[PDB]
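Working notes, beginning with the structure itself.
Protein chains in written order, with the working numbering: chain D, 99 to 313; chain A, 2 to 225.
This is the structure we're talking about:
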């Protein structure tokens, strides 16, 4: 059972050279494996980049090239651009079959950006249905690491919130994050102050956004 | 353009079968090898198999054969994938992919990919989403912007498509990855940020479609 392995994630600055590798558990990756690279961009947009180890596909920017380094197949990007933010998969041919690697997220580095933070109280329409969702938005930040803490009447919330982050934006190189606190309507009516508290490297001290129920 | 339109996905019950299909245009389909690839949620790519022009060489991923049947109909420029003995592990996006062959150059690339059709294997029933506004406030601005959005809540299965003002509004938009709640139902939010002073300047309507339950909703998000 052939397992192809790639680095999970790499970070590079614009203009810098970055090298993605692809190794095999059968032994050395060789020319006979016909290494291919595929790029995946958001909305699952796939582009074949390299075939036969080091043959660039028609239409693919010269910036990309493929080769072997010791044991492994390699995709080099010479002068990474912001639009190169993507997941890159290599795939080795073997016997008849083709086997994909697990993929490598390529993050393009940029200067630290603090999030804008917003809190949304539940709509009057949701409250009619018996539940209440409070949403917190962290918009356009870098780097990705970010803590969100929910508090209700100053009490730290635990295990009743969920969280979701976008892929790196291909233009400004930022991330955004959405968090939802769910409680029942009855529990929502028992408390006044709903706060979303956010720590991030770009903030010199945490930002809190809050609202008062029925105000 | 090259086009590869998949269809046939949706909800299937465990044990049951399903037939995906894929219609091609913009190239001489007769001449090209074709491939199916799939991607389970939050996971990597998995090659399923390939078929040559005359349907005489059909290679499969061995570790799951007697399960997927690949065929093609060159007169209809169409590729087919038959799924049987369905399990939750088969839940994925299935991609129709064109393989460019080149024996002289020593070259085999998966060059054009379809957008994919979603397959979910579950005995759970379909559920349409409720759509709730995330109202903006002139008083709740941050980083020179106002935020507004839609909470698309309690649906099954994936996916929902969301857009703003019938696709006319794209700057500032973020649709977040859906989250799976402890109820077993999905939830997602979509937001728009705008410069603060532009808030009253235009109407914002999020359009939410959920094909499995035939739900279409247009929700106006009034500043409030």
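The beta carbon of each residue, even a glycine, is placed where N, CA and C say it ideally should be.
- As the crow flies, the alpha-carbon of residue 128 of chain A is around 14 Å from that of residue 13 of chain A.
- Taking the C-beta atoms as reference points, residue 118 of chain D is found no nearer than 8 Å to residue 136 of chain D.
- Considering only D:240, D:220, D:289, D:214, the residue with the shortest C-alpha distance to residue 295 of chain D is D:214.
- Using a Cβ-Cβ cut-off of 8 Å, residue 107 of chain A counts as an interface residue toward chain D, since at least one Cβ of chain D sits closer than that to its own.
- Using a CB distance cut-off of 8 Å, residue 25 of chain A does not count as an interface residue toward chain D.
- Residues 24 of the same chain have their beta carbon placed closer than 6 Å to that of residue 6 of chain A, with the five preceding and five following residues left out of the count.
- Neighbours of residue 136 of chain D in chain A, taken as residues at a C-beta separation under 7 Å, are given in chain order as 111.
- Interface flag for residue 266 of chain D against chain A is unset, since no Cβ pair is found closer than 8 Å.
- For residue 300 of chain D, no chain A residue has a Cβ inside 8 Å of its Cβ, as the nearest lies near 11 Å away.
- Looking at the DSSP output, residue 196 of chain D sits in a beta bridge with D:191.
- Judged by DSSP in its simplified three-state form, residue 101 of chain A adopts strand.
- Check the Cα spacing between residue 195 of chain D and each of A:109, A:88, A:92, A:104: the tightest is with A:109.
- Each of A:39, A:130, A:42, A:28 was checked against the Cα of residue 219 of chain A, and the nearest Cα belongs to A:130.
- Secondary structure of residue 128 of chain A (DSSP, three-state): strand.
- In the DSSP annotation of this structure, the continuous segment of the alpha helix (DSSP H) that includes residue 286 of chain D starts and ends at 283-286.
- The DSSP-derived three-state label of residue 242 of chain D is coil.
- Taking every protein chain shown into account, the CB of residue 310 of chain D has fewer than 16 other CB atoms within 10 angstroms, so this residue is exposed.
- Residue 41 of chain A sits in coil when the DSSP states are folded into three classes, being neither helix nor strand.
- The contact set of residue 191 of chain D on chain A, defined by CB atoms closer than 8 Å, consists of 109 in chain order.
- When A:59, A:39, A:68 are compared, the shortest CA-CA separation from residue 16 of chain A is found for A:68.
- Residue 131 of chain D and residue 100 of chain D have their C-alpha atoms spaced approximately 12 Å apart.
- Within the DSSP bridge table, the entry for residue 74 of chain A names A:79 as partners.
- Counted as a single uninterrupted DSSP element, the beta strand (DSSP E) harbouring residue 104 of chain D occupies residues 102-104.
- Rounded to whole angstroms, the separation of the alpha carbons of residue 77 of chain A and residue 8 of chain A is 14 Å.
- Taking C-beta separations shorter than 6 Å and ignoring five residues to either side along the sequence, the partners of residue 176 of chain D in its chain run 115, 161, following chain order.
- Taking 8 Å as the CB threshold, residue 205 of chain D stays off the interface with chain A.
- Taking the C-beta atoms as reference points, residue 151 of chain D is found no nearer than 8 Å to residue 168 of chain D.
- Take the alpha-carbon of residue 104 of chain D and the one of residue 97 of chain A: they are about 24 Å apart.
- For residue 261 of chain D, the enclosing beta strand (DSSP E) has its first and last residue at 259-263.
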